[PDB]
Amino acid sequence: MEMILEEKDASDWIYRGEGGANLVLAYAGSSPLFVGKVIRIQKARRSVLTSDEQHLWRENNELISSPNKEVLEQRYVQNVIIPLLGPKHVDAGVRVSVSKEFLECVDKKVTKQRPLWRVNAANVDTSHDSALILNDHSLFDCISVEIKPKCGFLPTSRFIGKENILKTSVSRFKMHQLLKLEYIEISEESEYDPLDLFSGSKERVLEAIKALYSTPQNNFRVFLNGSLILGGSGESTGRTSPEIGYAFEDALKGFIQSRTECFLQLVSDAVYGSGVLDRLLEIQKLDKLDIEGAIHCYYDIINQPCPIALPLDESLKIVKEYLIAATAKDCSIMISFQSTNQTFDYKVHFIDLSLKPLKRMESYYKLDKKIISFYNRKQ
């Protein structure tokens, strides 16, 4: 809680991964303060909330009075998310102080491990004085699996227009796959279908797990003692080629007594067993009107005119619930495994339950507009 990480300390931390908003390094020293920990550091695109955000989240006073963005994230998870999702599998993390120069040194350090396109978009935000400390979930040999399940339900909103009726039967994930191909963000369409994974059925869960393994993209990753053996490093990756499969099968040696097929069934049973996806789904379902509905409430709230009648409090609630749901739609799950009736213990943890910026309603709408219009054109 007091400490300040300094420039010398930067050498204790190694590239682990990143999303669009955060860098993650695993601790590689021997100080029991950081063994089995990762550090998550915010990137700046290449304070603290707006007035609108302050009002939107007013229900939690501590939340809206957050001194910086790390505390913000911490209280968001603690004060908003954990009450809906439960504390069993969720951890808001511990804030630690960092020196500007520790950050710059860390930024300089990991550049070469990062995907080029992530580097073009962003680096660490060296203006921050805090970072967040979390338990490394790839350490229970430990086999660790990450799933980014995305949104597991179909909109049903009275506010989806005639033209966009397909939004009602095809999943957001599937339609999005078309556009990503179009923008060269992936090479193949994914096999994974979120509706299977969230379907509650054993057969369909195993089906989705096989899909994630065939085309991991940025939705599936496996770690052995914290080292990447399947999946991308900071990005989506290509289909699992026979060569990659081969390597994965070998890497499984010792952990599984036999092996890949076994692993998938093992992953599937943990998923379907923990029923951890059910609570998540209910939170994703907080998006009750779809963006095509909620966007209207957004413009009432920032008090501009619908460019596209409820009382204020109602509009606020809808938009609030929208962002909470956006958090649930984009978070990840990590499942820790530790050793025919072979038996494995497992842990499940949610990660990346980030607070989403209110400004994003506008781009949420645009992107959604783009997904469906392009999907319609293609059919």
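Residues carry their position along the shown sequence, with the first being 1.
According to the PDB entry, the deposited sequence contains 4 to 9 residues between residue 140 and residue 141 that lack coordinates. Where coordinates are absent for parts of the deposited sequence, a chain break appears; between neighbours residue 46 and residue 47 it spans 10 or more residues. Higher mean CA temperature factor between 354 to 362 and 12 to 20: 12 to 20, per the PDB entry. Remark: stretch with higher mean C-alpha B factor among 59 to 67 and 25 to 33 is 25 to 33. In the PDB entry, the Cα temperature factor peaks, among 73, 287, 207, 188, at 188. Considering 193, 250, 146, 292 together, the PDB entry gives 250 the largest C-alpha B factor.
In the deposited entry, the Cα temperature factor of residue 231 places it in the lowest third of its chain's modelled residues. The entry lists a Cα temperature factor for residue 239 that places it in the middle third of the chain's modelled residues. Sort the chain's modelled residues by C-alpha temperature factor and residue 91 lands in the highest third, per the entry. Among the modelled residues of its chain, residue 219 has a C-alpha B-factor that falls in the lowest third according to the deposited record. Ranked against the other modelled residues of its chain, the C-alpha B-factor of residue 83 as given in the entry falls in the lowest third.
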